[PDB]
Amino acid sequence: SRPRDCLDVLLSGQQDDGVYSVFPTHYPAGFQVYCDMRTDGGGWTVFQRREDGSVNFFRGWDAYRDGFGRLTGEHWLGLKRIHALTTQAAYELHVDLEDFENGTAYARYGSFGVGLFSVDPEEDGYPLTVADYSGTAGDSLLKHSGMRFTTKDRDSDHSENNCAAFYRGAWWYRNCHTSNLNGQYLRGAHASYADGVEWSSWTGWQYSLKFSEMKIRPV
């Protein structure tokens, strides 16, 4: 009746990929998400998808807090929703990647959260918790652990520049990044430095991936 996430949806007997209502502990109004019911037995709540460059990801603080795009296509679920999900239980993160040569890879993180113990996660900049990498894509996220989220209009990074403005995205920037999955949809190899859909451990700092999906499941 009130699944808290896509794993509750799966265990209630819904086996199809698609859009479902979930109701996190501290977000009782609930909201709709895309559930991946296939990957590693299923029950994954999607919070980011790139697939075709139809949606603008070069967005400000309010858009990254509140979410944008469509659940059936390219979207960012919103940091307020990702906080409501990742604080209610211990989640793992799955990242699926595809290049423009139909190569695929994945990274799995045994631990993932945003603003986990922040009294005001927005004020506190939704800081990243991430640990325990496995998979085929290589690790491009551990270096970001403990970093606040930065947008073009709200700088909490460890550059004297704004990493989000400079690398044309929004991420838990350090000085500045090994991943940038919210970067410009530049479609494969590019001359500009690290400002595309980058997962550096797989395809370097000058290759914008075709497809990315970031999704969570209780450990």
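A residue's number is simply how far along the shown sequence it sits, counting from 1.
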| message | Quick check on the record: does 71-79 or 112-120 carry the larger mean Cα temperature factor? | response | 112-120
| remark: Higher avg CA temperature factor (175-183 vs 45-53, as deposited) belongs to 175-183
| Can you tell me which of 194, 170, 63, 35 has the highest Cα temperature factor in the record? | 194
| field | Options 93, 90, 137, 128 - largest CA temperature factor per the record | value | 137
| remark: Chain thirds by Cα B factor, record data; residue 201 belongs to the highest
| said: How does the C-alpha B factor of residue 15 compare with the rest of the chain: lowest, middle or highest third? | reply: highest
| query | For residue 4, does the deposited CA B-factor place it in the lowest, middle or highest third of the chain? | reply | middle
| remark: Entry-reported C-alpha B-factor of residue 107 relative to its chain, by third, is middle
